[PDB]
């Protein structure tokens, strides 16, 4: 019934659209075969379009589905990138809605867990200045997520590491070694270790 669910993401009926979205999200949270089923059904272009929704509930569920898909294999990560999700995802890092922000962060972190070229796609989409700004968040959950995302990027190749340094991450990471939260100090230190020569 996947193609019918995907067709419903066009429903003039917001209730029908949201129902279908919730179910696709559920399926995408399964294993890699489940994710591939959702991708094969053509869900990705629809999900990416829904990132433009002014309805924040629809937005949140679309992000949940995309983050799930991005948690699959490198080919499934590649499908999300090829569908053009990245610019909208990076834009959402500046949402005043912190729940939407966190979900976009999850998706980007999952993408940045892929190959060096997938990491480079995240950087090319403008993620670094947005992520570095998030290191200033007073919300420790957001801070930790941004730290994890930057750490994933910093786990890439030399070209990726160099981009992180050029975005000014080194200063803030060193400052965070004095953060009141010991877990944050630790995660910042490890990111610095990855960037070190």
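Positions refer to the first chain, counted from 1.
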### Task
Return whichever of 69-77 and 98-106 has the greater mean Cα B factor according to the PDB record.
69-77
### Message
Comparing average C-alpha B factors as deposited, tell me which of 23-31 and 158-166 sits higher.
### Response
23-31
#### Entry: residue 143, C-alpha B-factor rank within chain (lowest, middle or highest third)
lowest
### Message
Lowest, middle or highest third: which one holds residue 180 when the chain's residues are ordered by CA B-factor from the entry?
### Response
middle
#### Entry: Ranked against its chain, the third holding the CA B-factor of residue 135
lowest
### Message
For the chain shown, is the CA B-factor of residue 87 in the lowest, middle or highest third of its modelled residues?
### Response
lowest
### Query
Taking the C-alpha B-factors as the PDB entry records them, is residue 57 in the lowest, middle or highest third of its chain?
highest
